[PDB]
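Comments concern the structure below.
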There are 6 protein chains.
Amino acid sequence: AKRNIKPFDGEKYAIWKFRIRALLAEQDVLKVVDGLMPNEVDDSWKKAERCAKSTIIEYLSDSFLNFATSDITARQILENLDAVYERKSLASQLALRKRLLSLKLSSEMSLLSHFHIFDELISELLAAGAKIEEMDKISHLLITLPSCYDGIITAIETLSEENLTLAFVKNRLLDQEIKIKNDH
Amino acid sequence: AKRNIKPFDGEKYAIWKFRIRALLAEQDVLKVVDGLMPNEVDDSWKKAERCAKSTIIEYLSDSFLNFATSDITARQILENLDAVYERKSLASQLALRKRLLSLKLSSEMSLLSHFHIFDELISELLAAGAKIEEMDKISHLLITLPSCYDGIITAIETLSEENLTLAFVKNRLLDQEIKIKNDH
Amino acid sequence: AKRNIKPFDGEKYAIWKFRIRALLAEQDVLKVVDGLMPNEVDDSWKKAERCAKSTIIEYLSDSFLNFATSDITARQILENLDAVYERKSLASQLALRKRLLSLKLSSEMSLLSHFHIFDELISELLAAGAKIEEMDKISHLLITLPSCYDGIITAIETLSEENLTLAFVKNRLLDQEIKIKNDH
Amino acid sequence: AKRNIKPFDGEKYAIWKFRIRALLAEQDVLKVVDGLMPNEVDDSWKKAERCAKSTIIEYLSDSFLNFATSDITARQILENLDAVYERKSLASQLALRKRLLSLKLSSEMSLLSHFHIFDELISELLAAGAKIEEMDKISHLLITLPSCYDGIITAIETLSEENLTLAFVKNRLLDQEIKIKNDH
Amino acid sequence: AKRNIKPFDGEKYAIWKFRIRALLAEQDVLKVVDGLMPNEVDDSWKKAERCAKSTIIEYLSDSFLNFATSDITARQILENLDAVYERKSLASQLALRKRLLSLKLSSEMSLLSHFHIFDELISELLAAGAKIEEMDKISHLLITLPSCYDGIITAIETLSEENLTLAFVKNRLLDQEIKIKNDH
Amino acid sequence: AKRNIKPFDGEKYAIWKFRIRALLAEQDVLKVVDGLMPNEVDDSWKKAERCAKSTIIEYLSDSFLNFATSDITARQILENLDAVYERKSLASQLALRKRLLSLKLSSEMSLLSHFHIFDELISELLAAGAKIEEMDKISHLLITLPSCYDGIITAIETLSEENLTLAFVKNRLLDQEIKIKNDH
């Protein structure tokens with residue numbers, strides 16, 4: 001069907017799972033993955049059950065095709081994939097924290113792209129099972145900024161006390177960045 | 001099935017948003033984006049919301065799907081994208097206006113590239129919340145031209161009597177550029 | 001739908017308009033562009049009205065997408081495009097006449113290609129609002145020929161007096177060209 | 001939906017015309033091209049004419065749409081194309097025949113390219129109104145060959161007893177060429 | 001429809017014919033090629049008759065398009081193609097035997113690929129009208145082997161006397177090849 | 001319409017076979033490949049056999065169609081392919097096992113390429129009839145690694161308590177490789 005789904009190759013499992021779920025819901029097939037198992041199998045629950053499996057097999061790389069082996073139902077393929085990739089593993093949390101603490105702004109990288117990278121890393125770390133509050137996101141974001149973005153942070157700390165949200169900090173940093181861009 | 005909509009990748013957000021809105025209006029779906037939320041929600045709303053969410057997810061890039069991973073309505077996905085790639089900032093408006101007022105046409109650059117740059121600057125101005133009328137756009141385009149067009153510029157400002165538009169001015173400037181190139 | 005329609009980029013507007021009209025007529029949608037406005041809007045006049053607009057937006061470049069702005073109906077988009085491009089402008093007529101008077105046959109160009117170029121220039125000039133008779137087309141064609149195609153022109157002038165049509169002149173020139181090709 | 005028909009661009013008009021005629025015959029449309037015009041025109045004729053015009057416009061190039069811009073029936077578009085790219089000229093027939101009779105096979109050129117050139121020359125002859133039978137085509141192909149094939153040529157002219165065709169002669173010549181290449 | 005069918009260009013006619021037959025059977029159209037001619041033509045026998053012809057014309061190269069000439073029915077196109085290509089010609093048999101006797105195993109060619117080449121050559125020779133028994137296939141296969149595959153052949157000759165089939169010989173040679181691969 | 005199945009060309013037969021089996025199971029066709037042959041054959045069997053044969057022919061290459069040229073059932077085509085590209089040979093099993101036991105990870109080669117090579121070797125082993133459990137595969141993968149992973153290897157063998165699988169071991173090894181690359 002839709003060719004926008006990149007085949008799963010062990011990287012970015014959440015994106016692939018979300019795309020597969022959306023495509024299955026498009027064809028009124030997602031009820032197989034998350035629904036209620038009928039007591040008896042009907043004709044309606046005979047076509048979607050194999051259509052979902054065929055769609056999953058279609059968007060899987062050569063190495064991962066062993067997840068099916070022609071005997072695993074469509075729901076259990078995604079269950080097995082979740083049990084190995086969508087898992088709350090401490091090693092992944094440690095690796096994501098190590099990568100997050102190594103982020104540094106560079107003159108060749110725009111602020112919006114850096115914010116997007118930080119946001120996707122935060123999303124991955126949250127999907128790794130760890131819980132991050134609103135204040136911790138700001139704390140992680142401000143440590144990656146260079147010495148240029150210092151005084152505004154103070155203006156954020158002293159003045160703002162209730163509206164201190166990640167969106168507000170991002171907006172203030174984006175607004176104040178042009179003052180460095182024209183200053184060089 | 002409209003494949004002319006390039007997936008959003010952080011570049012040219014206005015074009016992608018306009019294409020998405022037009023496609024949603026095609027399928028009787030735009031009513032959930034603009035309007036109100038009825039108290040009696042039924043299939044006519046659930047199906048439209050599902051179609052809008054599926055279309056937005058399909059036409060978003062893999063790295064940009066983080067804006068709709070959670071259970072977020074179609075309106076809120078577009079609102080989140082608007083709050084990021086269409087940020088309202090007065091300082092940004094002033095900086096972009098200063099850049100546009102100093103813009104000039106170079107000899108080695110054709111008129112089409114200058115028109116594209118001016119269009120990009122105007123799109124950035126409108127995205128930043130600046131309210132610019134079409135006459136102001138025409139004036140900004142005219143003041144960013146060399147003296148060789150000055151004559152026809154007067155013919156645009158004095159002799160023209162109909163409802164002046166940016167497209168007509170651009171076509172007249174292109175014709176004048178062709179005449180100048182033929183003369184030189 | 002059909003991908004043979006090049007997106008409109010301010011060049012060859014007549015071809016783009018004809019292709020869009022043909023595609024709309026293919027889907028029984030062209031009645032929106034040129035039809036009768038009903039007193040009340042029905043379900044039949046609810047789908048095509050937006051399908052035509054979506055098709056027009058689909059086959060428009062990024063710069064021209066401002067012609068819609070989500071509030072202009074499908075007929076009025078083409079009306080606005082006609083009012084700026086499909087216009088009887090004297091400047092376009094002068095430019096087309098200047099280009100037509102500069103046509104010269106070259107040894108590296110075949111006679112059929114030159115005839116096609118002259119025909120498309122004549123069609124563009126006619127679409128510019130000027131009226132050309134049958135004799136004027138022949139007069140414009142014969143002035144672009146080199147000194148090789150002289151005597152046959154005399155044979156055209158002295159002998160033919162009633163069947164003097166553009167097709168006859170083109171046929172005679174094509175027949176007589178091979179006499180130069182083998183003569184060098 | 002038949003995409004094997006290359007859009008007409010002034011090259012190989014016979015192939016494009018044959019493909020268009022076959023496609024029209026597929027959709028019960030060719031009846032409006034060959035036949036007569038009934039006095040009682042109804043939907044069965046209007047729909048067929050519209051389908052033919054739409055197909056011809058779709059399979060014509062952007063620069064070649066000038067042949068059908070006006071309200072011109074499907075028969076007349078093909079007639080206009082025939083009068084241009086299938087012009088009947090006795091002098092053209094004589095020139096092409098003189099070129100074909102002097103044609104010879106070069107050592108550095110394979111038999112397939114020579115067959116293609118001979119086919120192009122024969123197509124140009126038939127387009128110019130020259131009436132050539134299949135036996136005449138076989139003779140023309142045979143006389144344009146070196147002496148190394150002479151033996152098998154005799155085997156074609158003397159030993160063959162069935163209805164000789166150009167395809168069988170071409171296959172026999174290709175087999176003889178393969179044998180000669182193996183020998184050398 | 002399906003794009004896996006390479007256009008027929010005078011090479012591998014059997015593959016093209018089989019693919020065309022399969023595609024026609026896919027659309028319930030193959031009954032035209034091989035069926036029973038009705039006494040009167042009905043609406044059912046009005047659409048497939050031209051659909052098969054259009055499909056055949058669609059998958060034919062430019063040179064072979066003369067096989068139809070708009071007057072030959074779909075069955076007769078394939079009949080004419082068979083009468084020229086699918087023919088029991090002694091010259092083709094001699095050429096195929098000459099190529100079969102020139103096969104020699106090379107160190108740069110694997111045994112499976114050589115077996116596939118020998119099998120396709122045997123299939124072509126059988127399609128050329130000649131009849132080959134099971135023993136003759138083995139006799140042709142063993143003559144193409146080098147001096148390395150000698151003793152096993154003796155082990156095949158002395159021991160096996162009833163199960164001496166082409167598949168058994170191929171299996172034994174493939175099993176014994178690795179003993180040369182590791183021996184160098 | 002599933003275009004992710006690469007046509008069979010003698011390489012990676014297991015992947016192509018698995019994809020074909022999955023696609024057949026999608027269309028309610030796999031029942032003719034696995035099961036029994038009912039005495040009362042009706043349309044439910046003829047249509048399924050025709051669909052299977054058409055799909056297999058379509059997804060086979062042009063040179064590989066020789067396996068199904070004759071009137072051969074869907075089961076027998078797959079059986080013929082199995083008897084050739086999935087040959088059971090004890091000597092082949094021993095040779096592949098000897099090659100795998102001597103396999104080692106080189107410094108210049110990434111872990112992904114080593115995993116792919118190990119997967120190819122395991123697929124060749126399973127194709128040759130060797131019965132290998134998942135724990136044996138995990139052990140074979142672990143013994144083919146340098147000493148730098150030894151620590152985590154022990155953490156896999158001793159600390160792990162759940163049902164160990166090859167995918168989890170591969171993910172842990174990839175994480176350890178990332179950690180080692182970060183350290184070095």
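FYI, nothing fancy with the structure tokens labels: chains A, B, ... in order, residues from 1 per chain, ligands from 1 as they appear.
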(message) Can you pull out the residues contacting residue 85 in chain F? Cut-off 10 Å, using only C-alpha atoms, and skip same-chain residues under 4 positions away; I want them as a list in words.
(response) residues 112 of chain E; 10, 11, 12, 13, 14, 80, 81, 124, 127 and 128 of chain F
Please write the residues from the selection above to a file, keeping N, CA and C atoms, as a PDB file, in the first residue's frame.
```
ATOM      1  N   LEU E 112      26.309 -24.245  -9.876  1.00  0.00           N
ATOM      2  CA  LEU E 112      24.872 -24.014  -9.995  1.00  0.00           C
ATOM      3  C   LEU E 112      24.545 -23.160 -11.215  1.00  0.00           C
TER       4      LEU E 112
ATOM      5  N   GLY F  10      18.297 -16.666  -8.060  1.00  0.00           N
ATOM      6  CA  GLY F  10      19.300 -17.582  -7.562  1.00  0.00           C
ATOM      7  C   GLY F  10      20.014 -17.137  -6.306  1.00  0.00           C
ATOM      8  N   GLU F  11      19.657 -15.983  -5.748  1.00  0.00           N
ATOM      9  CA  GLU F  11      20.285 -15.455  -4.544  1.00  0.00           C
ATOM     10  C   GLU F  11      19.224 -15.251  -3.473  1.00  0.00           C
ATOM     11  N   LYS F  12      19.529 -15.687  -2.249  1.00  0.00           N
ATOM     12  CA  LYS F  12      18.630 -15.556  -1.102  1.00  0.00           C
ATOM     13  C   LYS F  12      17.280 -16.219  -1.386  1.00  0.00           C
ATOM     14  N   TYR F  13      17.329 -17.536  -1.596  1.00  0.00           N
ATOM     15  CA  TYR F  13      16.115 -18.279  -1.915  1.00  0.00           C
ATOM     16  C   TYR F  13      15.170 -18.361  -0.722  1.00  0.00           C
ATOM     17  N   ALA F  14      15.710 -18.422   0.498  1.00  0.00           N
ATOM     18  CA  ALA F  14      14.859 -18.547   1.677  1.00  0.00           C
ATOM     19  C   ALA F  14      13.971 -17.322   1.857  1.00  0.00           C
ATOM     20  N   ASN F  80      10.395 -28.314  -6.833  1.00  0.00           N
ATOM     21  CA  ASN F  80      11.544 -28.277  -7.730  1.00  0.00           C
ATOM     22  C   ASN F  80      12.547 -27.219  -7.292  1.00  0.00           C
ATOM     23  N   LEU F  81      12.058 -26.049  -6.872  1.00  0.00           N
ATOM     24  CA  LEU F  81      12.965 -25.019  -6.373  1.00  0.00           C
ATOM     25  C   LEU F  81      13.650 -25.450  -5.078  1.00  0.00           C
ATOM     26  N   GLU F 124      22.257 -20.802   5.298  1.00  0.00           N
ATOM     27  CA  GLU F 124      22.798 -21.878   4.472  1.00  0.00           C
ATOM     28  C   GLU F 124      22.786 -23.204   5.222  1.00  0.00           C
ATOM     29  N   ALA F 127      19.180 -24.390   5.282  1.00  0.00           N
ATOM     30  CA  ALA F 127      18.791 -24.832   3.946  1.00  0.00           C
ATOM     31  C   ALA F 127      19.350 -26.213   3.629  1.00  0.00           C
ATOM     32  N   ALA F 128      20.555 -26.516   4.105  1.00  0.00           N
ATOM     33  CA  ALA F 128      21.192 -27.809   3.871  1.00  0.00           C
ATOM     34  C   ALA F 128      20.636 -28.921   4.754  1.00  0.00           C
TER      35      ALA F 128
END
```
(request) Can you pull out every residue within 9 Å of residue 93 in chain C, counting only C-alpha atoms, but drop anything in the same chain fewer than 5 positions away, and send it as a ChimeraX atom specification? (result) /C:88,98,124-126,128-130
Keeping only N, CA, C and O atoms, take the residues you just selected and write them out as an mmCIF file, in the first residue's frame.
```
data_model
loop_
_atom_site.group_PDB
_atom_site.id
_atom_site.type_symbol
_atom_site.label_atom_id
_atom_site.label_comp_id
_atom_site.auth_asym_id
_atom_site.auth_seq_id
_atom_site.Cartn_x
_atom_site.Cartn_y
_atom_site.Cartn_z
ATOM 1 N N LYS C 88 -4.990 40.387 -23.012
ATOM 2 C CA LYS C 88 -4.611 41.031 -24.269
ATOM 3 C C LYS C 88 -3.764 42.258 -23.946
ATOM 4 O O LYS C 88 -4.242 43.393 -23.889
ATOM 5 N N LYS C 98 8.526 41.100 -32.044
ATOM 6 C CA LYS C 98 9.975 41.251 -32.117
ATOM 7 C C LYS C 98 10.664 39.900 -32.251
ATOM 8 O O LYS C 98 11.608 39.751 -33.037
ATOM 9 N N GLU C 124 0.932 31.762 -29.975
ATOM 10 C CA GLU C 124 1.101 32.623 -28.808
ATOM 11 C C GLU C 124 0.693 34.058 -29.116
ATOM 12 O O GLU C 124 0.028 34.714 -28.305
ATOM 13 N N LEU C 125 1.080 34.564 -30.290
ATOM 14 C CA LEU C 125 0.729 35.932 -30.655
ATOM 15 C C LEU C 125 -0.778 36.080 -30.831
ATOM 16 O O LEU C 125 -1.353 37.113 -30.464
ATOM 17 N N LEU C 126 -1.433 35.064 -31.398
ATOM 18 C CA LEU C 126 -2.887 35.088 -31.511
ATOM 19 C C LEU C 126 -3.543 35.063 -30.137
ATOM 20 O O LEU C 126 -4.530 35.769 -29.898
ATOM 21 N N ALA C 128 -2.292 36.339 -27.594
ATOM 22 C CA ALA C 128 -2.012 37.640 -27.004
ATOM 23 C C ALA C 128 -3.058 38.688 -27.362
ATOM 24 O O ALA C 128 -2.941 39.836 -26.920
ATOM 25 N N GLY C 129 -4.072 38.327 -28.147
ATOM 26 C CA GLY C 129 -5.159 39.214 -28.492
ATOM 27 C C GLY C 129 -5.107 39.780 -29.896
ATOM 28 O O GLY C 129 -6.128 40.280 -30.383
ATOM 29 N N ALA C 130 -3.956 39.717 -30.558
ATOM 30 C CA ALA C 130 -3.855 40.221 -31.919
ATOM 31 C C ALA C 130 -4.466 39.235 -32.908
ATOM 32 O O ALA C 130 -4.466 38.020 -32.692
#
```
(message) Need the shell around residue 116 in chain F: protein/DNA/RNA residues with any atom at most 12 Å away, counting only C-alpha atoms. Skip same-chain ones fewer than 2 positions apart. Format as a count of residues only?
(response) 20
(request) Give me the residues within 10 Å of range 28-37 of chain F as a PyMOL selection string, counting only C-alpha atoms and dropping any in the same chain fewer than 5 places off. (result) (chain A and resi 46-47+50) or (chain F and resi 20-23+44-52+73-76+78-79)
Can you list every residue of chain B that has an atom at most 10 Å from chain C, with its nearest atom pair and the distance in Å to one decimal, using only C-alpha atoms, ordered by chain then number, as a Markdown table?
```
| residue | atom | partner | partner_atom | distance |
| --- | --- | --- | --- | --- |
| B:1 | CA | C:1 | CA | 8.1 |
| B:2 | CA | C:58 | CA | 7.2 |
| B:3 | CA | C:58 | CA | 8.6 |
| B:4 | CA | C:58 | CA | 6.3 |
| B:5 | CA | C:58 | CA | 8.0 |
| B:12 | CA | C:62 | CA | 9.3 |
| B:14 | CA | C:62 | CA | 9.6 |
| B:15 | CA | C:62 | CA | 6.5 |
| B:16 | CA | C:62 | CA | 9.3 |
| B:18 | CA | C:69 | CA | 8.1 |
| B:19 | CA | C:57 | CA | 7.6 |
| B:21 | CA | C:70 | CA | 8.1 |
| B:22 | CA | C:54 | CA | 6.1 |
| B:23 | CA | C:54 | CA | 6.4 |
| B:24 | CA | C:54 | CA | 9.3 |
| B:25 | CA | C:50 | CA | 7.2 |
| B:26 | CA | C:50 | CA | 5.5 |
| B:27 | CA | C:51 | CA | 8.4 |
| B:28 | CA | C:47 | CA | 8.5 |
| B:115 | CA | C:63 | CA | 9.5 |
| B:116 | CA | C:63 | CA | 7.8 |
| B:119 | CA | C:63 | CA | 7.5 |
| B:120 | CA | C:63 | CA | 9.3 |
| B:165 | CA | C:84 | CA | 9.0 |
| B:167 | CA | C:84 | CA | 7.1 |
| B:168 | CA | C:84 | CA | 5.9 |
| B:169 | CA | C:84 | CA | 9.7 |
| B:171 | CA | C:84 | CA | 8.3 |
| B:172 | CA | C:91 | CA | 8.8 |
| B:175 | CA | C:91 | CA | 7.9 |
| B:176 | CA | C:91 | CA | 9.4 |
| B:178 | CA | C:95 | CA | 8.9 |
| B:179 | CA | C:95 | CA | 8.0 |
```
Selection above as a file: N, CA, C and O atoms, as a compact mmCIF listing (two decimals), in the first residue's frame:
```txt
# COMPACT_ATOMS: atom_id res chain seq x y z
N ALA B 1 -3.96 10.31 -2.06
CA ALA B 1 -3.20 9.83 -3.20
C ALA B 1 -2.46 10.97 -3.89
O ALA B 1 -1.77 10.77 -4.89
N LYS B 2 -2.62 12.18 -3.35
CA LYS B 2 -1.97 13.37 -3.89
C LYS B 2 -0.51 13.35 -3.46
O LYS B 2 -0.19 13.62 -2.30
N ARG B 3 0.38 13.04 -4.40
CA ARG B 3 1.80 12.87 -4.11
C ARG B 3 2.63 14.13 -4.36
O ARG B 3 3.85 14.08 -4.22
N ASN B 4 1.99 15.24 -4.73
CA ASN B 4 2.71 16.49 -4.95
C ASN B 4 3.07 17.20 -3.64
O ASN B 4 3.79 18.20 -3.68
N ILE B 5 2.58 16.71 -2.51
CA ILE B 5 2.87 17.31 -1.21
C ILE B 5 4.15 16.69 -0.68
O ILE B 5 4.17 15.53 -0.26
N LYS B 12 10.16 25.18 4.49
CA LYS B 12 8.95 25.63 3.80
C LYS B 12 7.69 25.07 4.47
O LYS B 12 6.92 24.30 3.88
N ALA B 14 5.04 26.76 5.45
CA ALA B 14 3.80 27.36 4.97
C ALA B 14 3.24 26.60 3.77
O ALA B 14 2.03 26.36 3.70
N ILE B 15 4.10 26.21 2.83
CA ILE B 15 3.64 25.48 1.65
C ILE B 15 3.06 24.13 2.05
O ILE B 15 1.98 23.74 1.57
N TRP B 16 3.75 23.40 2.93
CA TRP B 16 3.26 22.11 3.37
C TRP B 16 1.94 22.25 4.12
O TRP B 16 1.02 21.45 3.92
N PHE B 18 -0.32 24.66 3.78
CA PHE B 18 -1.37 25.01 2.83
C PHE B 18 -1.81 23.80 2.02
O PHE B 18 -3.00 23.58 1.80
N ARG B 19 -0.84 22.98 1.57
CA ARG B 19 -1.18 21.78 0.83
C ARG B 19 -1.99 20.81 1.68
O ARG B 19 -2.96 20.20 1.21
N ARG B 21 -3.89 21.55 4.29
CA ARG B 21 -5.23 22.11 4.49
C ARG B 21 -6.09 21.93 3.25
O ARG B 21 -7.28 21.59 3.36
N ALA B 22 -5.52 22.14 2.07
CA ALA B 22 -6.29 21.95 0.84
C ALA B 22 -6.71 20.50 0.67
O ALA B 22 -7.85 20.21 0.29
N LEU B 23 -5.80 19.56 0.95
CA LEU B 23 -6.13 18.15 0.81
C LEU B 23 -7.21 17.75 1.81
O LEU B 23 -8.11 16.97 1.49
N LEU B 24 -7.13 18.27 3.04
CA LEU B 24 -8.16 17.99 4.04
C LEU B 24 -9.51 18.55 3.61
O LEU B 24 -10.55 17.90 3.78
N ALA B 25 -9.52 19.76 3.05
CA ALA B 25 -10.76 20.34 2.54
C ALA B 25 -11.31 19.53 1.37
O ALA B 25 -12.52 19.52 1.15
N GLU B 26 -10.43 18.86 0.62
CA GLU B 26 -10.89 18.03 -0.49
C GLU B 26 -11.75 16.87 0.00
O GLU B 26 -12.79 16.56 -0.60
N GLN B 27 -11.35 16.23 1.10
CA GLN B 27 -11.99 15.01 1.57
C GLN B 27 -13.07 15.28 2.63
O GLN B 27 -13.42 14.36 3.38
N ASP B 28 -13.60 16.50 2.69
CA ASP B 28 -14.60 16.88 3.69
C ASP B 28 -14.07 16.67 5.11
O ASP B 28 -14.76 16.15 5.99
N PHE B 115 13.07 37.27 -7.18
CA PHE B 115 11.66 37.13 -6.83
C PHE B 115 11.45 36.01 -5.82
O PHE B 115 10.66 36.14 -4.88
N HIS B 116 12.16 34.89 -5.99
CA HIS B 116 12.05 33.78 -5.04
C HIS B 116 12.56 34.18 -3.66
O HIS B 116 11.96 33.83 -2.64
N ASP B 119 10.01 36.43 -2.10
CA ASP B 119 8.87 35.64 -1.66
C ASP B 119 9.18 34.89 -0.37
O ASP B 119 8.33 34.81 0.53
N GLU B 120 10.39 34.34 -0.26
CA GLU B 120 10.78 33.66 0.98
C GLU B 120 10.81 34.63 2.15
O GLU B 120 10.35 34.30 3.25
N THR B 165 -1.92 44.10 -8.37
CA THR B 165 -1.61 42.87 -7.65
C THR B 165 -0.13 42.54 -7.82
O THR B 165 0.53 43.05 -8.73
N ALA B 167 1.21 39.66 -8.68
CA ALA B 167 1.48 38.85 -9.87
C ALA B 167 1.62 39.71 -11.12
O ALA B 167 2.52 39.47 -11.94
N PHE B 168 0.75 40.70 -11.28
CA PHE B 168 0.85 41.58 -12.45
C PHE B 168 2.14 42.39 -12.42
O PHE B 168 2.79 42.56 -13.46
N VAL B 169 2.52 42.88 -11.24
CA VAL B 169 3.77 43.63 -11.12
C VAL B 169 4.96 42.73 -11.45
O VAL B 169 5.89 43.15 -12.15
N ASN B 171 4.96 40.06 -13.40
CA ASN B 171 4.96 39.80 -14.84
C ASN B 171 5.49 41.00 -15.62
O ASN B 171 6.27 40.84 -16.57
N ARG B 172 5.08 42.21 -15.23
CA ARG B 172 5.59 43.41 -15.90
C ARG B 172 7.09 43.56 -15.70
O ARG B 172 7.81 43.93 -16.63
N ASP B 175 8.82 41.10 -17.97
CA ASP B 175 8.83 41.60 -19.34
C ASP B 175 9.87 42.70 -19.52
O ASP B 175 10.57 42.75 -20.54
N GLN B 176 9.97 43.61 -18.54
CA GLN B 176 10.98 44.66 -18.62
C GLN B 176 12.39 44.09 -18.57
O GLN B 176 13.29 44.58 -19.26
N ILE B 178 13.26 41.10 -19.68
CA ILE B 178 13.48 40.51 -20.99
C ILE B 178 13.84 41.59 -22.01
O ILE B 178 14.75 41.42 -22.82
N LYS B 179 13.13 42.72 -21.96
CA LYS B 179 13.43 43.83 -22.87
C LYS B 179 14.84 44.36 -22.63
O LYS B 179 15.57 44.66 -23.59
```
(request) Work out how far CA of residue 82 in chain E is from CA of residue 161 in chain D, in Å to one decimal. (result)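 CA of residue 161 in chain D sits 18.2 Å away from CA of residue 82 in chain E.
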(request) For CA of residue 152 in chain B and CA of residue 96 in chain C, determine how far apart the two atoms are, in Å to one decimal place. (result)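 The value is 18.9 Å.
Residues of range 48-87 of chain D that DSSP places in helix (DSSP H, G or I), based on the backbone of this structure, are residues 48, 49, 50, 51, 52, 53, 54, 55, 56, 57, 58, 65, 66, 67, 68, 74, 75, 76, 77, 78, 79, 80, 81, 82, 83, 84 and 85 of chain D.
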(request) Might you pull out every residue within 10 Å of residue 140 in chain B, with only C-alpha atoms counted and same-chain residues fewer than 6 positions away left off, and present them as a PyMOL selection string? (result) chain B and resi 97+100-101+103+118+122+134
